[PDB]
Amino acid sequence: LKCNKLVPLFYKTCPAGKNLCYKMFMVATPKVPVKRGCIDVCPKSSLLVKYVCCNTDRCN
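Draft legend 1. Structural detail: the UniProt feature "disulfide bond" in the chain. A sulfur-sulfur distance of 2.0 Å is found for the UniProt-listed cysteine pair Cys42 and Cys53, consistent with formation of the disulfide (criterion: under 2.5 Å). One end of the pair, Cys42, is in the loop between strand 4 (35–39) and strand 5 (50–55); the other, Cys53, is in strand 5, with 11 residues separating them in the sequence. The UniProt disulfide joining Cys54 and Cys59 is present here, with an S-S separation of 2.0 Å. A residue is classified by how much of its surface remains accessible, and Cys59, at 24% relative accessible area, is partly exposed.

Draft legend 2. Structural context of a nonpolar patch on the surface. Taken together, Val7, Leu9, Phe10 and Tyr11 make up a surface patch of nonpolar side chains, about 390 Å² in accessible area. The residue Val7 is located in the loop between strand 1 (2–4) and strand 2 (11–13) in this model. Judged by relative accessible area, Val7 falls into the partly exposed class, the value being 33%.

Draft legend 3. The nonpolar core, seen in detail. One finds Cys3, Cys14, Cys21, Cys38 and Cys54 forming the largest nonpolar core, which totals 5 residues. Those residues in contact with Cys21, other than ones at most four positions away along the chain, are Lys2, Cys3, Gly37, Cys38, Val52, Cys53, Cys54, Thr56, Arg58, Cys59 and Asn60.

Thresholds, definitions, all that
Residues numbered from 1 in each chain as written, not as in the entry; some residues may be left out. Heavy atoms only, no water. Disulfide = S-S within 2.5 Å. UniProt positions renumbered as here; feature names shortened; annotations may be inferred. Helix = DSSP H or I, 4+ residues; strand = E, 2+ residues; numbered from the N terminus. Buried < 20%, exposed > 50% of the residue type's maximum accessible area, 1.4 Å probe, protein only. Patch = residues over 30% accessible without salt bridge, like charges linked within 9 Å, V, L, I, M, F, W, Y side chains within 5 Å. Areas by Shrake-Rupley, 256 points an atom, 1.4 Å probe, with all protein chains shown as cover. Salt bridge = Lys/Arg side-chain N within 4 Å of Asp/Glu carboxyl O. Core = buried A, V, L, I, M, F, W, Y, C linked by side-chain atoms within 4.5 Å. Contact = heavy atoms within 4.5 Å.

Structure follows, in structure tokens:
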């Protein structure tokens, strides 16, 4: 299981069971996140925190 890499060129890998590709950014910047890797359970978004996570191969 691997997920998109912060850069739209390569991708990161995820341990067995982790098929959620997470992308962490500040709600203020929707399409300009700072990190994108693998997650198995997405955290909780708040006033200034947004973790996007999808359960597929390379989906963040």
